[PDB]
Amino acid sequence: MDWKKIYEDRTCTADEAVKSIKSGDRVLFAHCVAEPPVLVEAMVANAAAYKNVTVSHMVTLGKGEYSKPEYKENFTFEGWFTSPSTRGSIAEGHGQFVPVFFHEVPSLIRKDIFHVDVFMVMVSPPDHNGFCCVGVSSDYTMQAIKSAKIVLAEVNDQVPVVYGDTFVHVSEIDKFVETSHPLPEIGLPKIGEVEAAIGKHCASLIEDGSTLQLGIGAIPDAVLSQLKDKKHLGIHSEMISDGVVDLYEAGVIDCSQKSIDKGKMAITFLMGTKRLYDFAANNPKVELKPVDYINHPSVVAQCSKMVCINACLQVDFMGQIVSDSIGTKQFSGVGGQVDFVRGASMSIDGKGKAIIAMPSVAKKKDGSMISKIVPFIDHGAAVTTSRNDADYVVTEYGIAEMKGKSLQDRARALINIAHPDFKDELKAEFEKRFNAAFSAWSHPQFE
C-alpha cells in the first residue's frame, strides 16, 4: 500500500547502496547465511572510497576479502567469531578479534559498545503487508536492524520465510538491492569410527524427552545417528542442521515434552544444505528467536532435561577446556558454547547436562600423534570453558565427569579416556604436576 511507495523509492543498485558507508564507520554484516554477498562485493569493489572502516561479523561462508592485508588501510576486520576466510588477518595482525559470548552480542549492540553505523543484511522480498524475512538468521541480526544508523538490504527471492523473530518492515530499511541467487550451503561431514564412538558415548547420556542443543560437524552428526532408539526429543539450540531434519522425519524429535516453546524447535540461526532451508520454511515446527533469548543462560535454565553437545580442541588436567584457539592462533570463537554449558548447570529441574566432546588425539602434518588430553594447555591458548564451568568431557574412549570433581580426580578421569599410546606419559606428568601417585589404590599384594 503506502509501503510499496517506500520500497520502490528506496530501491537501488549495490554500487549505489554502499556509498552510504563513510570513512571511520563501523559496518556489521548479518550473521552467517544472511550475509548479503552482492552488498559485500560492492563494498569491497569500492574499497578506495573508504579509510579505516571497521567490518564486523561472526562465522562467514563468504570470501572475507576486506580482511586481506592489501585492504588494511580501507577496512579493519573485527571478528566476533572467526573462520577460514578471515582468521589469517588476526594471525597477521591487521585483523582484530573480540572475545564475546554469543548471547551477549545484542546487549553490546544496545549498549552502543558494538556501535553500528551501517548494517548490511540479506532478506526475502516483502510479503503483502511490507514485511521482509531474514529467513535463516535471528541471532544478533534483529537487534542490529533496530540499532543501526543505516540498514542496507539485499532483497533475494531465494531467502525462505521462516517463523519467529525474523521480520523487518520495509520502513525500517534505508536501501533495497534486488537479487536472486541460492543461499550458501555446507556439505555433510564424513563420520569416522572415532566420531561414531563419541556419538555412542554421548547417546548413553541422553534420555527420552531430552531437550537438545548441538551444532554441525561429524561429532553432532554421529550423536544424532545414535539417537534412533530415543523418543520424544525436543530442540532448543543455537542452530539445527540437516542431521536434525533426518531425526525429525524418523519420528525421534517431536518437541512434545518441552517445558517452554512446546511443539517447536527453537533456534537462533540456520546453516546446512538447501534441504534444511526448505524444511524450515513456513514450518510450524520451527521458530527462529534472537540470541539473547535462545542462548540466554536464564532461558536455557528453564528447558526440560537439557543436553548440550559441543566440541573442543584440548582439555588440561584441571578441566580447563580450549575450544577456539591453538596456542596463540585464533581459530573460531566461544560462540554459544559457554552460554549452553551455563544454562544446563543452572537447570531448574536439576537434570541439565553439558557434554564437551573431542577426538583423543590428532595426527600432526609431520606424521606424529599428539594427545588432546594434556597436562597443560598450549602456550598462550585461550581457555574457552573454564575449569569451574566444566561438566562432561567425552572422547572415543569414554566419559569423564568434571563437575564437583577434584583436580586429581578430573586428571585421573581424563587420562582414563585418553589414547592408550599416551597413558604412561600422561601418568608421569600427573605425578610431576600433583606430587601424588596416579593410582588411588594400594593393595598389600604389592609391597
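Sequential numbering from 1, following the sequence displayed.
As recorded in the PDB entry, 81 to 89 is the stretch of 81 to 89 and 310 to 318 with the greater mean C-alpha temperature factor. The PDB entry records a higher mean C-alpha B factor for 190 to 198 than for its counterpart among 118 to 126 and 190 to 198. The entry lists C-alpha B-factors for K258, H103, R342, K372, and the highest of these is at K258. In this structure the maximum Cα B-factor among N156, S368, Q337, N282 is found at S368. Ranked by Cα temperature factor within the chain, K289 sits in the lowest third according to the deposited record. For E70, the recorded CA B-factor ranks within the highest third of the chain. Only modelled residues enter the ranking. Ranked by Cα temperature factor within the chain, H236 sits in the lowest third according to the deposited record. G404 sits in the lowest third of its chain by CA B factor, as recorded in the PDB entry. Compared with the other modelled residues of the chain, the Cα B-factor recorded for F434 ranks in the middle third.
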